[PDB]
Structure formats: C-alpha cells, structure tokens
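run08.txt, holding compact mmCIF, C-alpha atoms:
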```
# COMPACT_ATOMS: atom_id res chain seq x y z
CA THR F 39 91.48 181.88 68.42
CA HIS F 40 92.23 184.30 71.29
CA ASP F 41 90.44 185.96 74.23
CA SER F 42 89.08 189.50 73.97
CA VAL F 43 87.99 192.62 75.82
CA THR F 44 85.48 195.37 75.27
CA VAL F 45 85.12 198.57 77.24
CA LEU F 46 82.20 200.98 77.66
CA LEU F 47 83.29 204.51 78.57
CA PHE F 48 80.96 207.14 80.07
CA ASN F 49 82.21 210.75 79.58
CA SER F 50 80.50 212.69 82.38
CA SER F 51 81.77 215.95 80.85
CA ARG F 52 79.25 215.39 78.05
CA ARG F 53 76.73 212.98 79.60
CA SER F 54 77.67 210.65 76.75
CA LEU F 55 78.70 207.09 76.06
CA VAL F 56 81.83 206.63 73.99
CA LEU F 57 81.34 204.10 71.20
CA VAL F 58 83.00 203.40 67.85
CA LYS F 59 81.69 202.99 64.32
CA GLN F 60 83.42 200.44 62.14
CA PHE F 61 82.88 198.95 58.73
CA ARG F 62 81.90 195.29 58.74
CA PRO F 63 81.78 193.46 55.35
CA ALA F 64 79.16 191.02 56.68
CA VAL F 65 76.73 193.92 57.28
CA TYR F 66 77.55 195.30 53.81
CA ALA F 67 77.01 191.88 52.18
CA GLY F 68 73.74 191.66 54.14
CA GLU F 69 72.50 195.13 53.14
CA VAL F 70 73.46 194.33 49.50
CA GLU F 71 70.64 191.72 49.41
CA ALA F 97 75.98 201.32 55.31
CA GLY F 98 78.12 198.32 56.17
CA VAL F 99 78.90 200.63 59.12
CA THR F 100 78.24 199.15 62.55
CA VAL F 101 78.27 200.84 65.98
CA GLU F 102 80.26 198.73 68.49
CA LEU F 103 81.85 198.94 71.96
CA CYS F 104 85.56 199.77 71.84
CA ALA F 105 87.21 196.36 71.77
CA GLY F 106 90.26 194.22 71.08
CA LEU F 107 91.94 190.81 71.26
CA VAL F 108 94.59 189.64 73.70
CA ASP F 109 97.30 189.21 71.07
CA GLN F 110 100.10 190.27 73.39
CA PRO F 111 101.35 187.62 75.84
CA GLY F 112 101.84 189.24 79.27
CA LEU F 113 99.15 191.93 79.56
CA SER F 114 96.22 192.32 81.93
CA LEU F 115 92.85 192.10 80.31
CA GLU F 116 92.43 195.61 81.76
CA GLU F 117 95.62 196.72 80.04
CA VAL F 118 94.33 195.55 76.66
CA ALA F 119 91.22 197.59 77.46
CA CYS F 120 93.25 200.77 77.94
CA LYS F 121 95.34 200.17 74.85
CA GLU F 122 92.14 200.01 72.82
CA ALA F 123 90.51 202.85 74.75
CA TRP F 124 93.51 204.92 73.53
CA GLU F 125 94.01 203.60 69.99
CA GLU F 126 90.31 203.35 69.04
CA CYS F 127 88.65 206.08 71.13
CA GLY F 128 91.59 208.34 71.97
CA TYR F 129 91.03 208.26 75.72
CA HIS F 130 93.68 207.88 78.40
CA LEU F 131 92.76 205.14 80.91
CA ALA F 132 94.26 203.56 84.04
CA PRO F 133 93.62 199.82 84.66
CA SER F 134 92.60 200.84 88.19
CA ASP F 135 89.85 203.04 86.73
CA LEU F 136 88.15 200.07 85.01
CA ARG F 137 85.44 197.92 86.62
CA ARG F 138 84.50 194.53 85.24
CA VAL F 139 80.90 194.43 84.04
CA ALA F 140 80.64 190.88 82.71
CA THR F 141 82.47 187.93 81.19
CA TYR F 142 81.14 185.50 78.63
CA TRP F 143 81.76 183.20 75.68
CA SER F 144 81.25 183.71 71.91
CA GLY F 145 81.18 181.28 68.95
CA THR F 149 85.56 177.95 67.60
CA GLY F 150 84.82 180.03 70.74
CA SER F 151 86.50 182.94 72.55
CA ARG F 152 86.16 184.16 76.16
CA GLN F 153 85.40 187.90 76.33
CA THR F 154 85.33 190.46 79.13
CA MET F 155 83.49 193.76 79.28
CA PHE F 156 84.79 196.73 81.26
CA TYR F 157 83.20 200.05 82.22
CA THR F 158 84.78 203.27 83.38
CA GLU F 159 83.87 206.90 83.99
CA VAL F 160 86.00 209.39 82.01
CA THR F 161 86.05 213.17 81.67
CA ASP F 162 87.39 215.44 78.90
CA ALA F 163 90.81 215.60 80.62
CA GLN F 164 91.25 212.00 79.44
CA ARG F 165 90.55 212.89 75.79
CA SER F 166 93.09 213.38 72.99
CA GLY F 176 95.75 200.27 59.86
CA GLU F 177 91.98 200.04 60.49
CA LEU F 178 89.03 202.36 59.78
CA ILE F 179 87.34 203.23 63.08
CA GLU F 180 85.49 206.44 63.97
CA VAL F 181 84.83 207.17 67.64
CA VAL F 182 81.26 208.14 68.58
CA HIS F 183 79.48 209.98 71.40
CA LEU F 184 75.93 208.96 72.29
CA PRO F 185 74.08 211.43 74.52
CA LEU F 186 72.46 209.58 77.42
CA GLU F 187 69.02 211.13 76.71
CA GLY F 188 68.71 209.43 73.30
CA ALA F 189 70.63 206.29 74.16
CA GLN F 190 67.77 203.86 74.73
CA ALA F 191 65.96 205.18 71.69
CA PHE F 192 69.21 204.54 69.80
CA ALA F 193 69.58 200.95 71.07
CA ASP F 194 66.05 200.05 69.88
CA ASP F 195 66.12 201.71 66.44
CA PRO F 196 66.84 198.62 64.34
CA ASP F 197 67.74 200.62 61.21
CA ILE F 198 71.16 201.39 62.78
CA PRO F 199 73.41 198.31 62.92
CA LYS F 200 74.66 197.64 66.49
CA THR F 201 76.24 194.70 68.25
CA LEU F 202 74.66 192.90 71.23
CA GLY F 203 77.46 194.51 73.23
CA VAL F 204 76.34 198.01 72.50
CA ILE F 205 72.77 196.99 73.31
CA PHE F 206 73.74 195.47 76.66
CA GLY F 207 76.21 198.24 77.26
CA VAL F 208 73.49 200.82 76.68
CA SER F 209 71.07 198.73 78.76
CA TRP F 210 73.22 197.77 81.74
CA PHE F 211 74.40 201.34 82.09
CA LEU F 212 70.91 202.80 82.29
CA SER F 213 69.76 200.31 84.95
CA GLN F 214 72.97 199.99 87.06
CA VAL F 215 74.77 203.36 86.78
CA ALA F 216 72.35 206.04 85.50
CA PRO F 217 70.05 206.02 88.56
CA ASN F 218 73.07 206.79 90.79
CA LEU F 219 74.16 209.78 88.67
CA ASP F 220 72.73 213.29 88.24
CA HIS S 40 72.21 184.14 57.27
CA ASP S 41 69.86 185.75 59.82
CA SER S 42 69.10 184.24 63.22
CA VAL S 43 66.84 184.35 66.25
CA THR S 44 67.15 183.84 69.97
CA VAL S 45 64.30 183.53 72.48
CA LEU S 46 64.10 184.01 76.24
CA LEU S 47 61.18 182.32 78.00
CA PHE S 48 59.85 183.03 81.50
CA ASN S 49 57.97 180.09 83.04
CA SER S 50 55.48 181.67 85.51
CA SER S 51 54.63 178.31 87.04
CA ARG S 52 58.16 177.65 88.31
CA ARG S 53 59.41 181.28 88.37
CA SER S 54 62.37 180.30 86.21
CA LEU S 55 63.87 181.38 82.91
CA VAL S 56 64.33 178.73 80.21
CA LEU S 57 67.86 178.41 78.92
CA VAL S 58 69.83 175.71 77.08
CA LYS S 59 73.22 173.95 77.51
CA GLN S 60 75.62 172.59 74.83
CA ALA S 97 83.29 170.59 81.39
CA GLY S 98 82.68 172.25 77.99
CA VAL S 99 79.16 173.22 79.06
CA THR S 100 78.02 176.61 77.78
CA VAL S 101 74.63 177.96 78.97
CA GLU S 102 72.89 179.70 76.03
CA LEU S 103 69.54 181.12 75.01
CA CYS S 104 67.19 179.07 72.80
CA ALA S 105 68.21 179.88 69.23
CA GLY S 106 68.44 178.91 65.58
CA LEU S 107 69.10 180.20 62.09
CA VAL S 108 66.50 181.74 59.80
CA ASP S 109 67.27 178.78 57.61
CA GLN S 110 64.29 177.93 55.37
CA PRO S 111 63.01 180.30 52.66
CA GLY S 112 59.93 182.35 53.58
CA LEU S 113 59.69 181.78 57.34
CA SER S 114 58.73 184.59 59.70
CA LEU S 115 61.32 185.37 62.35
CA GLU S 116 58.87 184.67 65.16
CA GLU S 117 57.92 181.37 63.53
CA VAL S 118 61.58 180.27 63.50
CA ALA S 119 61.54 181.26 67.18
CA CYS S 120 58.49 179.07 67.84
CA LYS S 121 60.12 176.17 65.98
CA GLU S 122 63.28 176.19 68.09
CA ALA S 123 61.32 176.91 71.26
CA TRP S 124 59.60 173.58 70.57
CA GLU S 125 62.47 171.57 69.07
CA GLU S 126 65.11 172.78 71.56
CA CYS S 127 63.10 173.55 74.71
CA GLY S 128 59.86 171.54 74.41
CA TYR S 129 57.57 174.57 74.64
CA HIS S 130 54.54 175.38 72.51
CA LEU S 131 54.56 179.04 71.48
CA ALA S 132 52.49 181.19 69.15
CA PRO S 133 54.07 183.98 67.07
CA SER S 134 51.61 186.39 68.73
CA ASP S 135 53.12 185.57 72.17
CA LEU S 136 56.62 186.74 71.18
CA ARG S 137 57.81 190.22 72.14
CA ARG S 138 60.79 191.58 70.23
CA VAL S 139 63.37 192.64 72.84
CA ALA S 140 66.16 193.66 70.44
CA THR S 141 67.84 193.14 67.09
CA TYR S 142 71.60 193.36 66.57
CA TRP S 143 74.59 192.00 64.68
CA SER S 144 76.63 189.03 65.77
CA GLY S 145 79.55 187.22 64.14
CA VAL S 146 81.10 190.38 62.60
CA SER S 151 74.80 187.35 61.21
CA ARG S 152 71.88 189.63 62.01
CA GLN S 153 69.94 188.45 65.04
CA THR S 154 66.58 189.20 66.68
CA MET S 155 65.90 188.31 70.31
CA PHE S 156 62.38 187.52 71.41
CA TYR S 157 60.78 187.21 74.81
CA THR S 158 57.63 185.52 76.11
CA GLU S 159 56.01 184.33 79.31
CA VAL S 160 54.91 180.71 79.35
CA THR S 161 53.31 178.25 81.77
CA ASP S 162 53.58 174.49 82.28
CA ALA S 163 50.46 174.17 80.13
CA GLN S 164 52.68 175.14 77.18
CA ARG S 165 55.19 172.40 77.82
CA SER S 166 55.82 169.04 76.14
CA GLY S 167 56.39 165.83 78.15
CA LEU S 178 71.94 167.09 71.72
CA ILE S 179 71.29 170.07 74.02
CA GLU S 180 69.67 169.97 77.47
CA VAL S 181 67.10 172.46 78.79
CA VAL S 182 67.81 174.45 81.95
CA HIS S 183 65.54 176.40 84.31
CA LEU S 184 67.10 179.36 86.14
CA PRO S 185 65.14 180.47 89.22
CA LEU S 186 64.73 184.25 89.31
CA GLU S 187 65.91 184.58 92.89
CA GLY S 188 69.51 183.67 91.98
CA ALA S 189 69.42 184.74 88.33
CA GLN S 190 71.38 187.97 88.68
CA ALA S 191 74.06 186.25 90.77
CA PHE S 192 74.16 183.31 88.34
CA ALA S 193 74.77 185.87 85.61
CA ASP S 194 77.49 187.83 87.48
CA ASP S 195 79.43 184.63 88.23
CA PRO S 196 82.46 184.60 85.91
CA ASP S 197 83.20 180.92 86.62
CA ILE S 198 80.12 179.77 84.65
CA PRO S 199 80.30 179.71 80.85
CA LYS S 200 77.30 181.83 79.71
CA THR S 201 76.71 183.93 76.56
CA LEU S 202 76.09 187.69 76.31
CA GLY S 203 72.61 186.64 75.25
CA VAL S 204 72.05 184.99 78.60
CA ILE S 205 73.62 187.82 80.54
CA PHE S 206 71.75 190.41 78.55
CA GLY S 207 68.53 188.43 78.85
CA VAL S 208 68.68 188.18 82.63
CA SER S 209 69.69 191.83 82.92
CA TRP S 210 66.93 192.95 80.59
CA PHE S 211 64.31 190.66 82.11
CA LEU S 212 65.16 191.71 85.68
CA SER S 213 64.87 195.44 84.86
CA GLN S 214 62.03 195.58 82.30
CA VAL S 215 59.68 192.69 83.12
CA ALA S 216 60.27 191.49 86.71
CA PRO S 217 59.32 194.79 88.44
CA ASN S 218 56.00 195.09 86.54
CA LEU S 219 55.29 191.48 87.56
CA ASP S 220 54.04 189.59 90.65
```
Before anything else, please render the file you have as structure tokens.
Amino acid sequence: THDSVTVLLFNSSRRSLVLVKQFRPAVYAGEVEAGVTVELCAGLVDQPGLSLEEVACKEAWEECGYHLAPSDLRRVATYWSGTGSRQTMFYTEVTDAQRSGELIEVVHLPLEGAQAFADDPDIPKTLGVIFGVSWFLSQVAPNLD
Amino acid sequence: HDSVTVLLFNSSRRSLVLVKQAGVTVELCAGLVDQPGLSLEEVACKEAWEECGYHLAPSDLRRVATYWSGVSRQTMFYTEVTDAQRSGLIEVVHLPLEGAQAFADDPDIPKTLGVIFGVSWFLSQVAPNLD
C-alpha cells in the first residue's frame, strides 16, 4: 500500500470543474450483471521525496493537462480508505493560461449543472467527485460571481 | 458486491451517530448488500440496529447519494432519530453538532470520506432547515 492525493480544479475561465473519466473494470463487471467512471484527478505517492502537493501537480499535469504550483493548492480534507491508505484532497483555482500508459479523458463540468450531475445516479462517480462537487458549492461558490 | 452507509442525526442529544473500528478509524454505519433479495434501505436498517443499536424503518431513510468505492457500488442514506429509537467489535460514537465541522477538518483524527462528506452534507443541507 501507499498514500494518495486527489485534486479538484476550478477553471474560472469557464466556470467549470475539471474532472477525469476513466475506465474501471469493477464498474464494467457490475454493469455486465459504460465501465467509465468520473473521478477527481488523483494519484499515489510512489516517489520517495515529494510533497503531497507536488504529487497533486504532477497528476494535474499528466491527467488533466494543467500547470499547477504547490503554493496554489489548498488542502480540503484528509482521510483514510480501505489494507488502508491515507489520502489527501486538494483544491485550486485555475484559468485557461494554465491549460495545455493509462486511458484517462479530462472533463469539464459547468457549475450550473454540477449538483444535478452529482445526484444523477445513472452516471458512475466516486464519493470524491460527489464531495468535491458538494464542498465546492457550499464553501467556494457563494464567495464567487 | 453492493453496499450501504447510513448517517443518523439524534435530535435528542444533537449528535450524529458514527462508528469506530491507536488504530481507531471513525466511520459511518455500513454493511454489504450481502443476502439475496434485500432492499438497500433494509440492509441499512439492519446495520443501523446491529452496529449502532437504533431501530429504523425503510420509510425513514433519505437517499443522500450513490457512488462507486473500491475501484463496490454504494448508497448513502440519512435519517433523523430520537432516543425512543434506541436499544439499551465496533463501538458507537456520538458527535455533537457544535464541534462537528472542526472534528471533520482535524487531520490528526482518522476519519473516512464518508464521515467528512456526511458532516459537510448534513451541515449544509439539513442543519440550516432545522431548529
């Protein structure tokens, strides 16, 4: 086992949340009784000698194609999963100036239809996305335009 | 295999009911949709009783969200309860509302995203429309 990090980006230049779609066999196996699950950009701390926040940026870049500075990130929460791994969620505001193996497709979720999206159970999501989408709307969205 | 988690609010003590399993992790009441032909909310009621010692009816449960864990499907339920709904190796925990957000924020306390989500959701969706 290893620790991990997830990061929720908000792109103010589109009033959108940046998420990723990824294929999970478990969801496929489940729906064969698609396979494509919306998730927060994430990754494990494989590399010995890197800030959590640095792993966040690595994955912000590799998965989502966004440039990020560790200083730009703000810790949102930290928790345990599972055999168990510590995990840390980060949030940061980005703009289009920050915008540019596996099988990951980056996604943009317009704020307007975000909550509707989180609740529609026909679209596989992770708890992360749900909390991400939730925490945002309560803690950040009221302070924005 | 599917699964269910359930957040309870005890009006009588103004706490949230949680569960614990220095390796102490504070979790939401939960269990697997294990047996054939059991309604999700029934599985919730079962574990609410077996784990937490609370009597619940399926009609009390509100579906807060459904999502994927493990990468298991999972459906989270909420309901208000009172001491009247309460019986007399995990150990039940009651989190007073007044310090619930802070308890959640505190990184030096092993919680789950369930708990953190639950408190965050409860405090923004239920608490304000409450007394």
Counting all atoms listed in the file, which residues from chain F have an atom at most 12 Å from any atom of chain S, and could you show them as a PyMOL selection string? chain F and resi 60-69+71+98-102+138-145+149-155+190-214
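From atom CA of residue 112 of chain F back to atom CA of residue 39 of chain F, the distance works out to 16.7 Å.
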Å distance separating atom CA of residue 121 of chain S from atom CA of residue 136 of chain S, one decimal place: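 A separation of 12.3 Å between them.
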Computed gap from atom CA of residue 156 of chain F to atom CA of residue 208 of chain S is 18.3 Å
Go through S:159, S:117, S:184, S:104 one by one, measure the shortest atom-to-atom distance of each to residue 215 of chain S using only C-alpha atoms, and give the residue with the smallest value.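 Among S:159, S:117, S:184, S:104, it is S:159 that comes nearest to residue 215 of chain S.
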Please provide the set of residues having any atom within 8 Å of residue 160 of chain S, restricted to all atoms listed in the file, with same-chain residues fewer than 4 positions apart removed, written as a ChimeraX atom specification. /S:47-50,164
Write out the residues from the selection above, keeping C-alpha atoms, as a CSV table (one decimal), in the coordinates of the input.
```
chain,number,residue,atom,x,y,z
S,47,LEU,CA,61.2,182.3,78.0
S,48,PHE,CA,59.8,183.0,81.5
S,49,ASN,CA,58.0,180.1,83.0
S,50,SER,CA,55.5,181.7,85.5
S,164,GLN,CA,52.7,175.1,77.2
```
Please tell me which residues are no farther than 8 Å from (63.6, 179.6, 64.7) in the file, counting all atoms listed in the file, and write them as a ChimeraX atom specification. /S:42-44,105-108,115-123
Starting from the sparse input, extend segment 122-141 of chain S to N, CA, C and O atoms and give the output as a short mmCIF file (atom, residue, chain, number, x, y, z; two decimals), in the frame of the given file.
```
data_model
loop_
_atom_site.label_atom_id
_atom_site.label_comp_id
_atom_site.auth_asym_id
_atom_site.auth_seq_id
_atom_site.Cartn_x
_atom_site.Cartn_y
_atom_site.Cartn_z
N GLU S 122 62.16 176.55 67.23
CA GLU S 122 63.28 176.19 68.09
C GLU S 122 62.88 176.14 69.56
O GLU S 122 63.38 175.32 70.32
N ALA S 123 61.96 177.01 69.95
CA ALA S 123 61.32 176.91 71.26
C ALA S 123 60.77 175.50 71.50
O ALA S 123 60.91 174.95 72.60
N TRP S 124 60.15 174.92 70.48
CA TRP S 124 59.60 173.58 70.57
C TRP S 124 60.67 172.51 70.44
O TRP S 124 60.79 171.65 71.30
N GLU S 125 61.43 172.57 69.35
CA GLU S 125 62.47 171.57 69.07
C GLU S 125 63.56 171.54 70.14
O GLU S 125 63.92 170.46 70.62
N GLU S 126 64.07 172.71 70.53
CA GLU S 126 65.11 172.78 71.56
C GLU S 126 64.55 172.63 72.98
O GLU S 126 65.05 171.83 73.76
N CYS S 127 63.52 173.41 73.31
CA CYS S 127 63.10 173.55 74.71
C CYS S 127 61.84 172.78 75.11
O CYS S 127 61.57 172.62 76.29
N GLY S 128 61.08 172.30 74.13
CA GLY S 128 59.86 171.54 74.41
C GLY S 128 58.72 172.44 74.87
O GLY S 128 57.91 172.04 75.71
N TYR S 129 58.64 173.64 74.31
CA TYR S 129 57.57 174.57 74.64
C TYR S 129 56.76 174.95 73.41
O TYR S 129 57.33 175.29 72.37
N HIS S 130 55.43 174.87 73.53
CA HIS S 130 54.54 175.38 72.51
C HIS S 130 54.39 176.90 72.65
O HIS S 130 54.01 177.40 73.72
N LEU S 131 54.66 177.60 71.55
CA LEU S 131 54.56 179.04 71.48
C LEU S 131 53.85 179.47 70.21
O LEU S 131 54.03 178.87 69.15
N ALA S 132 53.07 180.54 70.32
CA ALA S 132 52.49 181.19 69.15
C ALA S 132 53.28 182.45 68.83
O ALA S 132 53.69 183.17 69.75
N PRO S 133 53.49 182.73 67.53
CA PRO S 133 54.07 183.98 67.07
C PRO S 133 53.51 185.23 67.74
O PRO S 133 54.25 186.17 67.94
N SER S 134 52.23 185.23 68.08
CA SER S 134 51.61 186.39 68.73
C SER S 134 52.01 186.54 70.20
O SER S 134 51.77 187.58 70.79
N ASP S 135 52.59 185.50 70.79
CA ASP S 135 53.12 185.57 72.17
C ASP S 135 54.47 186.30 72.27
O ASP S 135 54.79 186.89 73.30
N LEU S 136 55.27 186.21 71.21
CA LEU S 136 56.62 186.74 71.18
C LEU S 136 56.66 188.27 71.18
O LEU S 136 55.95 188.93 70.42
N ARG S 137 57.48 188.81 72.08
CA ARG S 137 57.81 190.22 72.14
C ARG S 137 59.25 190.37 71.64
O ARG S 137 60.13 189.61 72.04
N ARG S 138 59.47 191.34 70.76
CA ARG S 138 60.79 191.58 70.23
C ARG S 138 61.54 192.44 71.25
O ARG S 138 61.15 193.58 71.50
N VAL S 139 62.61 191.88 71.84
CA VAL S 139 63.37 192.64 72.84
C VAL S 139 64.41 193.50 72.13
O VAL S 139 64.53 194.68 72.43
N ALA S 140 65.14 192.92 71.18
CA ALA S 140 66.16 193.66 70.44
C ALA S 140 66.59 192.94 69.17
O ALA S 140 66.39 191.74 69.03
N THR S 141 67.19 193.70 68.27
CA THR S 141 67.84 193.14 67.09
C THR S 141 69.22 193.74 67.00
O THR S 141 69.41 194.90 67.34
#
```
